[PDB]
file model-v6.txt (compact mmCIF, N, CA and C atoms and all ligand atoms)
# COMPACT_ATOMS: atom_id res chain seq x y z
N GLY A 1 -31.69 61.79 127.09
CA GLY A 1 -31.10 61.67 125.76
C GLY A 1 -30.97 63.09 125.22
N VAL A 2 -30.87 63.22 123.90
CA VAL A 2 -30.82 64.49 123.18
C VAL A 2 -31.94 64.31 122.15
N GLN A 3 -32.65 65.37 121.89
CA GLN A 3 -33.73 65.43 120.94
C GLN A 3 -33.22 66.44 119.90
N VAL A 4 -33.26 66.14 118.61
CA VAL A 4 -32.71 66.98 117.55
C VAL A 4 -33.97 67.50 116.82
N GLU A 5 -34.23 68.80 116.81
CA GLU A 5 -35.38 69.33 116.09
C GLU A 5 -34.80 70.27 115.05
N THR A 6 -35.07 70.12 113.77
CA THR A 6 -34.50 70.97 112.73
C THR A 6 -35.10 72.39 112.62
N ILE A 7 -34.24 73.38 112.39
CA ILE A 7 -34.60 74.77 112.08
C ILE A 7 -34.42 74.92 110.55
N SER A 8 -33.27 74.55 109.97
CA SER A 8 -33.07 74.62 108.53
C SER A 8 -32.32 73.35 108.14
N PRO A 9 -32.69 72.74 107.02
CA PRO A 9 -32.11 71.47 106.56
C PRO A 9 -30.66 71.61 106.15
N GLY A 10 -29.94 70.50 106.23
CA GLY A 10 -28.55 70.39 105.81
C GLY A 10 -28.50 69.74 104.41
N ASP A 11 -27.40 69.18 103.93
CA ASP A 11 -27.42 68.63 102.56
C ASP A 11 -28.01 67.22 102.50
N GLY A 12 -28.24 66.62 103.68
CA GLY A 12 -28.75 65.25 103.74
C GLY A 12 -27.74 64.20 103.37
N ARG A 13 -26.45 64.48 103.20
CA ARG A 13 -25.51 63.44 102.80
C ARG A 13 -24.17 63.49 103.55
N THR A 14 -23.71 64.65 104.05
CA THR A 14 -22.38 64.78 104.70
C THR A 14 -22.57 64.90 106.21
N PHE A 15 -22.49 63.74 106.87
CA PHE A 15 -22.64 63.65 108.33
C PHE A 15 -21.27 63.46 108.99
N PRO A 16 -21.00 64.07 110.15
CA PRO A 16 -19.68 64.03 110.77
C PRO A 16 -19.34 62.64 111.25
N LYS A 17 -18.07 62.34 111.17
CA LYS A 17 -17.54 61.04 111.53
C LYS A 17 -16.52 61.27 112.62
N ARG A 18 -16.26 60.24 113.43
CA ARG A 18 -15.24 60.26 114.45
C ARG A 18 -13.86 60.69 113.89
N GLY A 19 -13.24 61.63 114.56
CA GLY A 19 -11.98 62.13 114.12
C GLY A 19 -12.11 63.38 113.27
N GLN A 20 -13.27 63.73 112.79
CA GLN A 20 -13.44 64.98 112.07
C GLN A 20 -13.71 66.14 112.99
N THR A 21 -13.25 67.31 112.55
CA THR A 21 -13.53 68.56 113.26
C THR A 21 -14.83 69.22 112.76
N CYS A 22 -15.78 69.40 113.69
CA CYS A 22 -17.04 70.07 113.40
C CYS A 22 -16.92 71.55 113.74
N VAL A 23 -17.32 72.39 112.81
CA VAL A 23 -17.17 73.84 112.92
C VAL A 23 -18.61 74.29 113.06
N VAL A 24 -19.01 74.80 114.22
CA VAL A 24 -20.41 75.08 114.44
C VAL A 24 -20.64 76.48 114.97
N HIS A 25 -21.83 77.03 114.72
CA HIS A 25 -22.19 78.20 115.48
C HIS A 25 -23.20 77.72 116.49
N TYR A 26 -23.24 78.27 117.72
CA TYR A 26 -24.23 77.82 118.68
C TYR A 26 -24.71 78.96 119.59
N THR A 27 -25.91 78.81 120.15
CA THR A 27 -26.42 79.65 121.23
C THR A 27 -27.00 78.63 122.20
N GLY A 28 -26.52 78.60 123.43
CA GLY A 28 -27.00 77.69 124.48
C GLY A 28 -27.93 78.44 125.40
N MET A 29 -29.08 77.83 125.67
CA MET A 29 -30.14 78.35 126.52
C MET A 29 -30.60 77.27 127.52
N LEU A 30 -31.08 77.80 128.63
CA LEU A 30 -31.73 77.07 129.68
C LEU A 30 -33.18 76.86 129.23
N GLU A 31 -33.99 75.97 129.81
CA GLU A 31 -35.37 75.78 129.37
C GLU A 31 -36.29 76.98 129.39
N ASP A 32 -35.96 78.00 130.17
CA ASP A 32 -36.77 79.20 130.19
C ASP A 32 -36.39 80.23 129.13
N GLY A 33 -35.44 79.92 128.21
CA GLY A 33 -35.02 80.82 127.15
C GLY A 33 -33.78 81.64 127.50
N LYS A 34 -33.33 81.63 128.73
CA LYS A 34 -32.18 82.40 129.12
C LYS A 34 -30.92 81.86 128.44
N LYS A 35 -30.24 82.74 127.72
CA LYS A 35 -29.02 82.44 127.02
C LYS A 35 -27.91 82.40 128.03
N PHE A 36 -27.10 81.36 128.01
CA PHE A 36 -25.93 81.35 128.89
C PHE A 36 -24.65 81.55 128.08
N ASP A 37 -24.69 81.33 126.76
CA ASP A 37 -23.50 81.57 125.91
C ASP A 37 -23.86 81.42 124.45
N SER A 38 -23.11 82.06 123.54
CA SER A 38 -23.32 82.01 122.09
C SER A 38 -22.05 82.38 121.35
N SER A 39 -21.61 81.54 120.40
CA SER A 39 -20.45 81.90 119.60
C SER A 39 -20.87 82.95 118.56
N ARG A 40 -22.18 83.02 118.28
CA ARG A 40 -22.71 83.97 117.34
C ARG A 40 -22.44 85.37 117.92
N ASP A 41 -22.51 85.58 119.23
CA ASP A 41 -22.17 86.88 119.82
C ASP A 41 -20.67 87.16 119.68
N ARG A 42 -19.81 86.14 119.64
CA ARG A 42 -18.39 86.38 119.43
C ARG A 42 -18.02 86.41 117.93
N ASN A 43 -18.97 86.01 117.07
CA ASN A 43 -18.79 85.97 115.63
C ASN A 43 -17.58 85.10 115.25
N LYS A 44 -17.31 84.04 115.98
CA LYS A 44 -16.21 83.15 115.66
C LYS A 44 -16.78 81.75 115.93
N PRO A 45 -16.85 80.83 114.93
CA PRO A 45 -17.40 79.48 115.09
C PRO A 45 -16.62 78.72 116.15
N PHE A 46 -17.29 77.76 116.79
CA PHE A 46 -16.62 76.96 117.78
C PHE A 46 -16.17 75.69 117.09
N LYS A 47 -14.97 75.18 117.33
CA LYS A 47 -14.56 73.93 116.70
C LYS A 47 -14.43 72.80 117.73
N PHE A 48 -14.90 71.58 117.46
CA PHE A 48 -14.57 70.46 118.33
C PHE A 48 -14.38 69.24 117.44
N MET A 49 -13.55 68.26 117.81
CA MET A 49 -13.43 66.99 117.10
C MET A 49 -14.36 65.95 117.69
N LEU A 50 -15.16 65.38 116.81
CA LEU A 50 -16.07 64.33 117.14
C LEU A 50 -15.32 63.10 117.62
N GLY A 51 -15.75 62.57 118.78
CA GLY A 51 -15.22 61.36 119.35
C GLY A 51 -14.04 61.58 120.27
N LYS A 52 -13.55 62.80 120.40
CA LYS A 52 -12.42 63.05 121.25
C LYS A 52 -12.77 63.25 122.73
N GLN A 53 -14.04 63.24 123.10
CA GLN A 53 -14.50 63.40 124.48
C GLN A 53 -14.18 64.77 125.08
N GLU A 54 -14.32 65.82 124.27
CA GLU A 54 -14.06 67.14 124.79
C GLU A 54 -15.29 68.05 124.86
N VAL A 55 -16.44 67.58 124.42
CA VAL A 55 -17.71 68.27 124.58
C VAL A 55 -18.66 67.35 125.35
N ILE A 56 -19.83 67.85 125.74
CA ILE A 56 -20.77 67.05 126.50
C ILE A 56 -21.39 65.97 125.60
N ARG A 57 -21.78 64.86 126.25
CA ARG A 57 -22.32 63.70 125.53
C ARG A 57 -23.53 64.01 124.65
N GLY A 58 -24.46 64.88 124.98
CA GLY A 58 -25.56 65.19 124.10
C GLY A 58 -25.11 65.90 122.81
N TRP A 59 -23.94 66.57 122.82
CA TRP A 59 -23.34 67.17 121.61
C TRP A 59 -22.73 66.09 120.69
N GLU A 60 -21.82 65.23 121.19
CA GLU A 60 -21.27 64.09 120.43
C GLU A 60 -22.38 63.30 119.72
N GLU A 61 -23.46 63.07 120.47
CA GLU A 61 -24.61 62.34 119.94
C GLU A 61 -25.51 63.17 119.05
N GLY A 62 -25.69 64.45 119.33
CA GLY A 62 -26.62 65.22 118.56
C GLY A 62 -26.06 65.78 117.27
N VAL A 63 -24.87 66.34 117.35
CA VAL A 63 -24.29 66.90 116.16
C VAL A 63 -23.95 65.75 115.17
N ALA A 64 -23.68 64.52 115.61
CA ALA A 64 -23.43 63.42 114.69
C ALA A 64 -24.65 63.10 113.83
N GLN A 65 -25.84 63.54 114.28
CA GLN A 65 -27.06 63.38 113.52
C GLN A 65 -27.26 64.47 112.51
N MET A 66 -26.38 65.44 112.37
CA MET A 66 -26.63 66.60 111.53
C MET A 66 -25.78 66.51 110.28
N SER A 67 -26.34 66.94 109.14
CA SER A 67 -25.62 67.03 107.88
C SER A 67 -25.08 68.45 107.70
N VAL A 68 -24.03 68.66 106.93
CA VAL A 68 -23.47 69.98 106.73
C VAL A 68 -24.54 70.90 106.16
N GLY A 69 -24.65 72.06 106.82
CA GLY A 69 -25.58 73.10 106.47
C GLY A 69 -26.78 73.17 107.40
N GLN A 70 -26.97 72.14 108.24
CA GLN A 70 -28.17 72.06 109.01
C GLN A 70 -28.09 72.86 110.28
N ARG A 71 -29.25 73.42 110.62
CA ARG A 71 -29.42 74.23 111.83
C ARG A 71 -30.56 73.52 112.54
N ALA A 72 -30.24 73.15 113.78
CA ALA A 72 -31.15 72.40 114.63
C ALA A 72 -31.10 72.79 116.11
N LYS A 73 -32.18 72.51 116.82
CA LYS A 73 -32.27 72.71 118.25
C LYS A 73 -32.09 71.37 118.95
N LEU A 74 -31.11 71.26 119.83
CA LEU A 74 -30.79 70.03 120.51
C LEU A 74 -31.28 70.17 121.93
N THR A 75 -32.26 69.41 122.41
CA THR A 75 -32.69 69.48 123.82
C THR A 75 -31.99 68.31 124.53
N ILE A 76 -31.17 68.60 125.54
CA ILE A 76 -30.26 67.64 126.13
C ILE A 76 -30.61 67.48 127.62
N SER A 77 -30.90 66.24 128.02
CA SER A 77 -31.20 65.93 129.41
C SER A 77 -29.97 66.14 130.29
N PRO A 78 -30.07 66.44 131.60
CA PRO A 78 -28.93 66.68 132.44
C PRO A 78 -27.90 65.58 132.46
N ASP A 79 -28.33 64.32 132.37
CA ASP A 79 -27.39 63.22 132.39
C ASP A 79 -26.52 63.12 131.15
N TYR A 80 -26.93 63.85 130.09
CA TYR A 80 -26.23 63.99 128.83
C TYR A 80 -25.53 65.33 128.72
N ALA A 81 -25.46 66.04 129.82
CA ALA A 81 -24.87 67.37 129.85
C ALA A 81 -24.03 67.42 131.12
N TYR A 82 -24.32 68.27 132.13
CA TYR A 82 -23.48 68.48 133.33
C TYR A 82 -23.99 67.78 134.62
N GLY A 83 -25.09 67.00 134.48
CA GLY A 83 -25.60 66.15 135.53
C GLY A 83 -25.93 66.96 136.76
N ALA A 84 -25.53 66.35 137.87
CA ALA A 84 -25.78 66.94 139.17
C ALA A 84 -24.74 67.99 139.50
N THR A 85 -23.56 68.03 138.85
CA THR A 85 -22.63 69.11 139.14
C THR A 85 -23.09 70.44 138.55
N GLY A 86 -23.57 70.41 137.31
CA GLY A 86 -23.83 71.68 136.63
C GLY A 86 -22.47 72.29 136.25
N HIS A 87 -22.40 73.53 135.81
CA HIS A 87 -21.11 74.11 135.47
C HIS A 87 -20.98 75.27 136.43
N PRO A 88 -20.02 75.30 137.40
CA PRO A 88 -20.00 76.24 138.53
C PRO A 88 -20.23 77.68 138.05
N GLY A 89 -21.30 78.24 138.64
CA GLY A 89 -21.76 79.58 138.32
C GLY A 89 -22.64 79.74 137.06
N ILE A 90 -22.54 78.88 136.02
CA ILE A 90 -23.30 79.08 134.79
C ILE A 90 -24.51 78.19 134.64
N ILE A 91 -24.35 76.88 134.83
CA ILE A 91 -25.45 75.94 134.62
C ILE A 91 -25.76 75.43 136.01
N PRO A 92 -27.01 75.38 136.50
CA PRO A 92 -27.40 74.75 137.77
C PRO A 92 -27.23 73.24 137.75
N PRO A 93 -27.21 72.54 138.91
CA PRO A 93 -27.42 71.10 138.95
C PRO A 93 -28.76 70.73 138.29
N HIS A 94 -28.71 69.57 137.63
CA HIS A 94 -29.86 68.90 137.04
C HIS A 94 -30.53 69.70 135.94
N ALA A 95 -29.83 70.58 135.23
CA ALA A 95 -30.43 71.41 134.18
C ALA A 95 -30.62 70.76 132.79
N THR A 96 -31.79 70.85 132.12
CA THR A 96 -31.94 70.47 130.72
C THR A 96 -31.41 71.65 129.89
N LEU A 97 -30.57 71.40 128.89
CA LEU A 97 -29.98 72.45 128.10
C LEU A 97 -30.58 72.46 126.69
N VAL A 98 -30.70 73.63 126.09
CA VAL A 98 -31.29 73.74 124.80
C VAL A 98 -30.22 74.42 123.98
N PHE A 99 -29.72 73.81 122.91
CA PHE A 99 -28.71 74.45 122.09
C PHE A 99 -29.27 74.67 120.67
N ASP A 100 -29.03 75.83 120.11
CA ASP A 100 -29.37 76.17 118.73
C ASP A 100 -27.99 76.06 118.11
N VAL A 101 -27.85 75.06 117.26
CA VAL A 101 -26.57 74.66 116.67
C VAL A 101 -26.67 74.60 115.13
N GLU A 102 -25.70 75.20 114.45
CA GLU A 102 -25.68 75.19 113.01
C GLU A 102 -24.39 74.52 112.64
N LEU A 103 -24.44 73.43 111.88
CA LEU A 103 -23.21 72.75 111.49
C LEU A 103 -22.74 73.39 110.16
N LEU A 104 -21.66 74.13 110.28
CA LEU A 104 -21.15 74.96 109.18
C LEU A 104 -20.24 74.24 108.18
N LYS A 105 -19.34 73.44 108.77
CA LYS A 105 -18.24 72.91 107.99
C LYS A 105 -17.64 71.71 108.72
N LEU A 106 -17.01 70.76 107.99
CA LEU A 106 -16.24 69.69 108.59
C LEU A 106 -14.85 69.85 108.06
N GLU A 107 -13.92 69.78 108.98
CA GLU A 107 -12.50 69.92 108.67
C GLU A 107 -11.73 68.69 109.18
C1 LIG A 201 -19.17 76.82 130.55
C2 LIG A 201 -17.93 76.12 129.98
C3 LIG A 201 -17.86 76.36 128.46
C4 LIG A 201 -17.75 77.87 128.18
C5 LIG A 201 -16.63 75.64 127.88
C6 LIG A 201 -19.15 75.82 127.80
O1 LIG A 201 -20.17 76.51 127.79
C7 LIG A 201 -19.16 74.43 127.14
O2 LIG A 201 -18.96 73.42 127.82
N1 LIG A 201 -19.38 74.32 125.85
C8 LIG A 201 -19.65 75.45 124.84
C9 LIG A 201 -19.42 74.87 123.44
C10 LIG A 201 -18.98 73.43 123.62
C11 LIG A 201 -19.44 73.03 125.01
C12 LIG A 201 -18.45 72.00 125.59
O3 LIG A 201 -17.34 71.85 125.06
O4 LIG A 201 -18.81 71.24 126.66
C13 LIG A 201 -17.70 71.08 127.56
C14 LIG A 201 -18.22 70.67 128.95
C15 LIG A 201 -17.56 69.35 129.36
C16 LIG A 201 -16.22 69.64 130.07
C17 LIG A 201 -15.01 69.17 129.51
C18 LIG A 201 -13.78 69.43 130.15
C19 LIG A 201 -13.76 70.17 131.35
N2 LIG A 201 -14.97 70.64 131.91
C20 LIG A 201 -16.20 70.37 131.27
call {"tool": "encode", "arguments": {"input": "model-v6.txt", "output": "structure tokens", "more": "lines below"}}
Ligand SMILES: CCC(C)(C)C(=O)C(=O)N1CCC[C@H]1C(=O)OCCCc1cccnc1
result
Amino acid sequence: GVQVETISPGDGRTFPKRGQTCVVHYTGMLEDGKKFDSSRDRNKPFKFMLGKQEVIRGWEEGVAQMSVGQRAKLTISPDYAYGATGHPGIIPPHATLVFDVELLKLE
């Protein structure tokens, strides 16, 4: 599954809905702390639409639990991420992923 652990609270009332665009900042890490990517290093938020099937399943499920303004750590099991394939060259097979995600805005 995905485990959502809060870093900073959101407004507690504006949660993303299917068809909305979530504007997030993120840093993705492996369980040992190794960063594999971060939009914070590019200083440009990442956008995805909820329910469109264009991000990994632990994101659709985890970010839907977040209210605008919230910063949380999402621990995602491999079956909710890249499974046995992994992402060629970046994520190994069977990897648990840890994302530090801040939900900035809904568009
Ligand atoms: C390593 C690939 C990259 C940079 C997009 C990433 O880190 C990533 O996946 N990321 C980084 C932010 C969002 C997340 C994502 O969109 O998951 C997509 C993976 C599922 C998928 C969909 C279509 C084709 N291949 C894979």
call {"tool": "closest_residue", "arguments": {"input": "model-v6.txt", "among": "A:55, A:29, A:68, A:106", "to": "residue 80 of chain A", "atoms": "only C-alpha atoms"}}
result
A:55
call {"tool": "residues_near_ligand", "arguments": {"input": "model-v6.txt", "ligand": "ligand LIG 201 (chain A)", "cutoff": "7 Å", "atoms": "only N, CA and C atoms and all ligand atoms", "output": "list in words"}}
result
residues 36, 37, 46, 53, 54, 55, 56, 57, 81, 87, 90 and 91 of chain A
call {"tool": "residues_around", "arguments": {"input": "model-v6.txt", "residues": "residue 78 of chain A", "least_positions_apart": "4", "cutoff": "8 Å", "atoms": "only N, CA and C atoms", "output": "count of residues only"}}
result
9
call {"tool": "residues_around", "arguments": {"input": "model-v6.txt", "residues": "residue 102 of chain A", "least_positions_apart": "5", "cutoff": "9 Å", "atoms": "only C-alpha atoms", "output": "VMD selection string"}}
result
chain A and resid 7 to 8 23 to 26 63 66 68 to 73
call {"tool": "atom_distance", "arguments": {"input": "model-v6.txt", "atom1": "atom CA of residue 10 of chain A", "atom2": "atom CA of residue 79 of chain A"}}
result
27.6 Å
call {"tool": "closest_residue", "arguments": {"input": "model-v6.txt", "among": "A:20, A:15, A:89, A:98", "to": "residue 52 of chain A", "atoms": "all atoms listed in the file"}}
result
A:20
call {"tool": "closest_residue", "arguments": {"input": "model-v6.txt", "among": "A:42, A:64, A:58, A:6", "to": "residue 18 of chain A", "atoms": "only C-alpha atoms"}}
result
A:64
call {"tool": "atom_distance", "arguments": {"input": "model-v6.txt", "atom1": "atom N of residue 4 of chain A", "atom2": "atom C of residue 61 of chain A"}}
result
8.3 Å
call {"tool": "atom_distance", "arguments": {"input": "model-v6.txt", "atom1": "atom C of residue 27 of chain A", "atom2": "atom CA of residue 49 of chain A"}}
result
18.6 Å
call {"tool": "closest_residue", "arguments": {"input": "model-v6.txt", "among": "A:9, A:59, A:88, A:67", "to": "residue 28 of chain A", "atoms": "only C-alpha atoms"}}
result
A:59
call {"tool": "closest_residue", "arguments": {"input": "model-v6.txt", "among": "A:3, A:31, A:16, A:92", "to": "residue 50 of chain A", "atoms": "only N, CA and C atoms"}}
result
A:16
call {"tool": "select_by_dssp", "arguments": {"input": "model-v6.txt", "residues": "segment 7-105 of chain A", "states": "strand (DSSP E)", "output": "ChimeraX atom specification"}}
result
/A:7-8,21-30,35-38,46-49,71-76,97-105
call {"tool": "closest_residue", "arguments": {"input": "model-v6.txt", "among": "A:86, A:77, A:105, A:65", "to": "residue 21 of chain A", "atoms": "only C-alpha atoms"}}
result
A:105
call {"tool": "select_by_dssp", "arguments": {"input": "model-v6.txt", "residues": "chain A", "states": "helix (DSSP H, G or I)", "output": "compact mmCIF listing (two decimals) with N, CA and C atoms, in the coordinates of the input"}}
result
# COMPACT_ATOMS: atom_id res chain seq x y z
N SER A 39 -21.61 81.54 120.40
CA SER A 39 -20.45 81.90 119.60
C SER A 39 -20.87 82.95 118.56
N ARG A 40 -22.18 83.02 118.28
CA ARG A 40 -22.71 83.97 117.34
C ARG A 40 -22.44 85.37 117.92
N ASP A 41 -22.51 85.58 119.23
CA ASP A 41 -22.17 86.88 119.82
C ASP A 41 -20.67 87.16 119.68
N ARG A 42 -19.81 86.14 119.64
CA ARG A 42 -18.39 86.38 119.43
C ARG A 42 -18.02 86.41 117.93
N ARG A 57 -21.78 64.86 126.25
CA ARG A 57 -22.32 63.70 125.53
C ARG A 57 -23.53 64.01 124.65
N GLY A 58 -24.46 64.88 124.98
CA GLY A 58 -25.56 65.19 124.10
C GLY A 58 -25.11 65.90 122.81
N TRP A 59 -23.94 66.57 122.82
CA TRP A 59 -23.34 67.17 121.61
C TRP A 59 -22.73 66.09 120.69
N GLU A 60 -21.82 65.23 121.19
CA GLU A 60 -21.27 64.09 120.43
C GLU A 60 -22.38 63.30 119.72
N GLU A 61 -23.46 63.07 120.47
CA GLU A 61 -24.61 62.34 119.94
C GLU A 61 -25.51 63.17 119.05
N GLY A 62 -25.69 64.45 119.33
CA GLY A 62 -26.62 65.22 118.56
C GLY A 62 -26.06 65.78 117.27
N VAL A 63 -24.87 66.34 117.35
CA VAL A 63 -24.29 66.90 116.16
C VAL A 63 -23.95 65.75 115.17
N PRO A 78 -30.07 66.44 131.60
CA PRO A 78 -28.93 66.68 132.44
C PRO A 78 -27.90 65.58 132.46
N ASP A 79 -28.33 64.32 132.37
CA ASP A 79 -27.39 63.22 132.39
C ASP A 79 -26.52 63.12 131.15
N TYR A 80 -26.93 63.85 130.09
CA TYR A 80 -26.23 63.99 128.83
C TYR A 80 -25.53 65.33 128.72
call {"tool": "build_atoms", "arguments": {"input": "model-v6.txt", "residues": "segment 85-106 of chain A", "atoms": "N, CA, C and O atoms", "output": "tab-separated table (two decimals), in the coordinates of the input"}}
result
chain	number	residue	atom	x	y	z
A	85	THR	N	-23.56	68.03	138.85
A	85	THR	CA	-22.63	69.11	139.14
A	85	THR	C	-23.09	70.44	138.55
A	85	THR	O	-23.00	71.51	139.18
A	86	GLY	N	-23.57	70.41	137.31
A	86	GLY	CA	-23.83	71.68	136.63
A	86	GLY	C	-22.47	72.29	136.25
A	86	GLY	O	-21.43	71.63	136.29
A	87	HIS	N	-22.40	73.53	135.81
A	87	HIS	CA	-21.11	74.11	135.47
A	87	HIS	C	-20.98	75.27	136.43
A	87	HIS	O	-21.80	76.20	136.27
A	88	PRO	N	-20.02	75.30	137.40
A	88	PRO	CA	-20.00	76.24	138.53
A	88	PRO	C	-20.23	77.68	138.05
A	88	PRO	O	-19.66	78.09	137.03
A	89	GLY	N	-21.30	78.24	138.64
A	89	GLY	CA	-21.76	79.58	138.32
A	89	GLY	C	-22.64	79.74	137.06
A	89	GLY	O	-23.48	80.65	137.03
A	90	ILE	N	-22.54	78.88	136.02
A	90	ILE	CA	-23.30	79.08	134.79
A	90	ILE	C	-24.51	78.19	134.64
A	90	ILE	O	-25.60	78.65	134.29
A	91	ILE	N	-24.35	76.88	134.83
A	91	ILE	CA	-25.45	75.94	134.62
A	91	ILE	C	-25.76	75.43	136.01
A	91	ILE	O	-24.79	75.06	136.67
A	92	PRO	N	-27.01	75.38	136.50
A	92	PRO	CA	-27.40	74.75	137.77
A	92	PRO	C	-27.23	73.24	137.75
A	92	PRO	O	-27.21	72.64	136.67
A	93	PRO	N	-27.21	72.54	138.91
A	93	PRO	CA	-27.42	71.10	138.95
A	93	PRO	C	-28.76	70.73	138.29
A	93	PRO	O	-29.74	71.48	138.31
A	94	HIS	N	-28.71	69.57	137.63
A	94	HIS	CA	-29.86	68.90	137.04
A	94	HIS	C	-30.53	69.70	135.94
A	94	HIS	O	-31.72	69.50	135.75
A	95	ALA	N	-29.83	70.58	135.23
A	95	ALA	CA	-30.43	71.41	134.18
A	95	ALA	C	-30.62	70.76	132.79
A	95	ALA	O	-29.68	70.14	132.30
A	96	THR	N	-31.79	70.85	132.12
A	96	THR	CA	-31.94	70.47	130.72
A	96	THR	C	-31.41	71.65	129.89
A	96	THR	O	-31.78	72.81	130.11
A	97	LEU	N	-30.57	71.40	128.89
A	97	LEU	CA	-29.98	72.45	128.10
A	97	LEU	C	-30.58	72.46	126.69
A	97	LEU	O	-30.99	71.43	126.16
A	98	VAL	N	-30.70	73.63	126.09
A	98	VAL	CA	-31.29	73.74	124.80
A	98	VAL	C	-30.22	74.42	123.98
A	98	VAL	O	-29.77	75.50	124.35
A	99	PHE	N	-29.72	73.81	122.91
A	99	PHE	CA	-28.71	74.45	122.09
A	99	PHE	C	-29.27	74.67	120.67
A	99	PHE	O	-29.93	73.80	120.12
A	100	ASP	N	-29.03	75.83	120.11
A	100	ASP	CA	-29.37	76.17	118.73
A	100	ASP	C	-27.99	76.06	118.11
A	100	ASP	O	-27.09	76.83	118.42
A	101	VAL	N	-27.85	75.06	117.26
A	101	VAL	CA	-26.57	74.66	116.67
A	101	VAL	C	-26.67	74.60	115.13
A	101	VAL	O	-27.62	74.05	114.56
A	102	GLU	N	-25.70	75.20	114.45
A	102	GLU	CA	-25.68	75.19	113.01
A	102	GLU	C	-24.39	74.52	112.64
A	102	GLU	O	-23.33	74.99	113.09
A	103	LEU	N	-24.44	73.43	111.88
A	103	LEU	CA	-23.21	72.75	111.49
A	103	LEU	C	-22.74	73.39	110.16
A	103	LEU	O	-23.32	73.23	109.09
A	104	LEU	N	-21.66	74.13	110.28
A	104	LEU	CA	-21.15	74.96	109.18
A	104	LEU	C	-20.24	74.24	108.18
A	104	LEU	O	-20.32	74.40	106.94
A	105	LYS	N	-19.34	73.44	108.77
A	105	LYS	CA	-18.24	72.91	107.99
A	105	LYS	C	-17.64	71.71	108.72
A	105	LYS	O	-17.75	71.69	109.95
A	106	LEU	N	-17.01	70.76	107.99
A	106	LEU	CA	-16.24	69.69	108.59
A	106	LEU	C	-14.85	69.85	108.06
A	106	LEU	O	-14.62	70.12	106.85
